[PDB]
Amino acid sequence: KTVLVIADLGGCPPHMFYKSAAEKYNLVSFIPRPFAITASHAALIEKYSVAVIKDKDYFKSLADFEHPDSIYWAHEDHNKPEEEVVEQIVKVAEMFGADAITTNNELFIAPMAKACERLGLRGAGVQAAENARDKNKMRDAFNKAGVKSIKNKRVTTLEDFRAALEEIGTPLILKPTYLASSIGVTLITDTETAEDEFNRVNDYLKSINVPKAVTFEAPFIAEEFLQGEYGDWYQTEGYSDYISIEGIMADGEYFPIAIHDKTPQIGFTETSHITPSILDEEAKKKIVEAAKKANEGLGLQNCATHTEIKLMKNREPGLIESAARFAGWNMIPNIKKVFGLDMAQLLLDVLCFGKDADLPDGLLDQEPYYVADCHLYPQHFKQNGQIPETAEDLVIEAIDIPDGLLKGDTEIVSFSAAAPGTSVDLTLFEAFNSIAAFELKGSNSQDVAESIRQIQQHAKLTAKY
């Protein structure tokens, strides 16, 4: 079978996805945004694809041919309307006799579903992909699905925002409807300053570059803040009052795979993911039921899902959002590390063979140990005081982890820092700015989690200011 991948940023990381897919399938890669592709990613695409096509419109001089080492967000214009992007995807699938189409990138999810319908291939479903990609549509589907409902309003104007804040009250979440990675996600607690907070992220949002293929009913959604009740869920310290759960939709039925515990965010910037959750079986049953109702509520047919859930009072699961694609960072690789299951291969098996794929009957269990996937940010060193608080730029020499910081049998499997010499702008939104990553493993989850907090508070930044 031949699988077409729409290659771009995010989701199951290139270091796993290409090799995984090429094991069992003939992979063809379509690159709609050549500029979104790093040098490492380009190498992996080249290595494992039997065929590769790039959008030739995004090559005007010989330097369009350059691949950066690192990309946190694609800044260049992509100006094709969604119908045109659909027609491209279709043309490429047809060129290669594709039996399935997949993507790891949030921004191409809606057009891909349209391409699959037109080709008679398995996909998210046209309206379902739109629901999984416009947070106002999504929140409407959730409210209808008999998970916990909350108040939410479409916001374009200061007038819209004013109305929303009056109707919803504080605390209020205001966020863009069409992005990812917590971009623009703001917590409103003060009616005195709320309107300035809006004006500010409004102006910010307009500086974010997205393809014209991305459309939305209103730029913002304002909705109730879902309050966490940590102590109603976790028995030990170390985690946060949200989780994610990774699943697969197959013919419109939800198949849970694994739940990830989290460490506390820096604002809304995510910090760490632990595979699998320490939560008891009843807690996990409730999360699974919520994710099922949410994703079936969206109408999704065949895709991976990454579903985020706030752990609220009375063990009520609150839906934050759900995507029709893989979790990012190393969450999917780490499921393979722990359980032996390759969810990338499993998705492709579903796209090609439906419920003939070997879907697990329930969450994976009998984990031999826990694995943490962790990023450090300028803020861990601002909060450490190693970076002076008022600094807009810095130059990175080294990042070191002092010894002694590990609890129990917790092991550091790997550690990677930003190269000596690297330049960091501190006006930047944090989630774009991890300057180190580490993987921990341990037999005891609470020990793993404590070690993450120790590594976080004590890591050593040597840096020219």
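Quick note: we count residues from 1 along the sequence shown, nothing fancier.
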- Query: Out of 156 to 164 and 118 to 126, which stretch has the higher average CA B-factor listed in the record?
  - Reply: 156 to 164
- Task: Pick between 58 to 66 and 44 to 52: the one whose mean CA B-factor in the entry is higher.
- Result: 58 to 66
- Residue of maximum C-alpha B factor among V424, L27, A39, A36, per deposited coordinates: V424
- Message: Just the C-alpha B-factor column, please: which of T390, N104, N334, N314 has the biggest number?
- Response: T390
- Message: Splitting the chain's C-alpha B-factors into thirds, which one does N295 fall into?
- Response: lowest
- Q88: which third of its chain by C-alpha temperature factor? lowest
- Message: What third of the chain does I208 rank in for C-alpha temperature factor, lowest, middle or highest?
- Response: highest
- Message: Looking at the temperature factor on the CA atom of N202, which third of the chain's modelled residues does it land in?
- Response: highest
- Message: Looking at the temperature factor on the CA atom of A194, which third of the chain's modelled residues does it land in?
- Response: highest
